[PDB]
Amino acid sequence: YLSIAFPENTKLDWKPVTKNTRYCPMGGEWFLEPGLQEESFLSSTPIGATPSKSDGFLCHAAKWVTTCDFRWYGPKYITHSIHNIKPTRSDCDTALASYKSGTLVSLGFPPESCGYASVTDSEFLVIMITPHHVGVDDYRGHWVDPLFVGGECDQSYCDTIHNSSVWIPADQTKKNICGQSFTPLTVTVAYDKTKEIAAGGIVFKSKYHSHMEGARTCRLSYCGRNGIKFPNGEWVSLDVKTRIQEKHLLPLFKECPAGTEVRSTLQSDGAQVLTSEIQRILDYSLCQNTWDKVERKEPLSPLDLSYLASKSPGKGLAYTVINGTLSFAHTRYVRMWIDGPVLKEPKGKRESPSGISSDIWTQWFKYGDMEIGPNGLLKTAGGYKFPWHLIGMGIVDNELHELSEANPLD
């Protein structure tokens, strides 16, 4: 559940830092990756469940009947009954409009309509609108509530179990049934310019999605439109028409396992944007501050070194202190999952959080009493230590969804 961006190779070719040029913050953006080509497409991503999208009304219909019985003689025998009937769509529409405008009034029983030697009755068709909220299957695109026939419905005039009432969505806009709000989003595809385009050789980026492995990306239809679910369980829209390397992009992806679910794009949340922005400025300024320590010829701590590390995958540089000397090394950072901020063995899972653990770094340098690695990785008696800030959780994987999944109150 804990991920880091770390140099792929367990050993790097180190050289002493001389020119002192600052790459803050460290990322693949600074370095031109030759074989890489990028292409973007307009997309859409779910940013949260808005329950009002499934607000409804129970349209009840019942004839109120005043019956006058006048036989041979005797008093005027008047009875009052009520007969539940199923409303037409027109009845429900008119009565709902009346309800919204505040016109709908329960007028009660009809006035007595009497004759002689004949029992005739007069009736008032009474509609009662009881606001009822129902759920939504975003995946199958229909309403869902126990009151429905079959426990579900996909119309604008749904039939309930009770003969008297039906259900009308408060929004009858003839579009997709969805309990989810979206936002437009440019999604960018990165792939090897030379090789043939394929799901495994694609990486997705967006303002909300950091280096998302197409190889662990599957196809899924959400809220009535085609898209792809990323390895972190988040989803962006993608139509069959969109081409990448002059080929249909969508069919490159395996359909998602039946019953696959999709989460709201966490990074679009305001709390998340605040945290992100503050972290951005802090990463930058802490990097610059470390390089200021270097400039002032001050000694460097492992933490200071870690402020130079790349926090995202990409071609970059790593830094360490070999024999009291600041050294850099070219490398390609990749995403790895580690077992904790402090580890027993210098291993990590390289393909997925449930993948196989492999040696991630083995080239340790004499750093005082202990050994040090790239970007202030510590080899100590208490184990192997990463600085907590290099570690991420609950963003690039679905391992901690329980923590960020929102639930209503009361």
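Numbering starts at 1 and follows the sequence shown.
With 127 to 135 and 288 to 296 compared on mean CA B-factor from the PDB entry, the stretch scoring higher is 127 to 135. The question of which stretch, 33 to 41 or 56 to 64, has the higher mean Cα B factor is settled in favour of 56 to 64.
The top Cα temperature factor in the record, among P313, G179, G200, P87, falls on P87. When the C-alpha B-factors of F204, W337, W235, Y116 are ranked from the entry, the top spot goes to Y116. Split the chain's modelled residues into thirds by C-alpha temperature factor. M212 is in the lowest one. In the PDB entry, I47 places in the lowest third of its chain by CA B-factor. Ranked within its chain, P302 lands in the middle third, by CA B factor from the PDB record. In this PDB entry, the Cα temperature factor of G348 sits in the bottom third of its chain's modelled residues, the lowest group. When the modelled residues of the chain are ordered by their C-alpha B factor, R225 lands in the lowest third.
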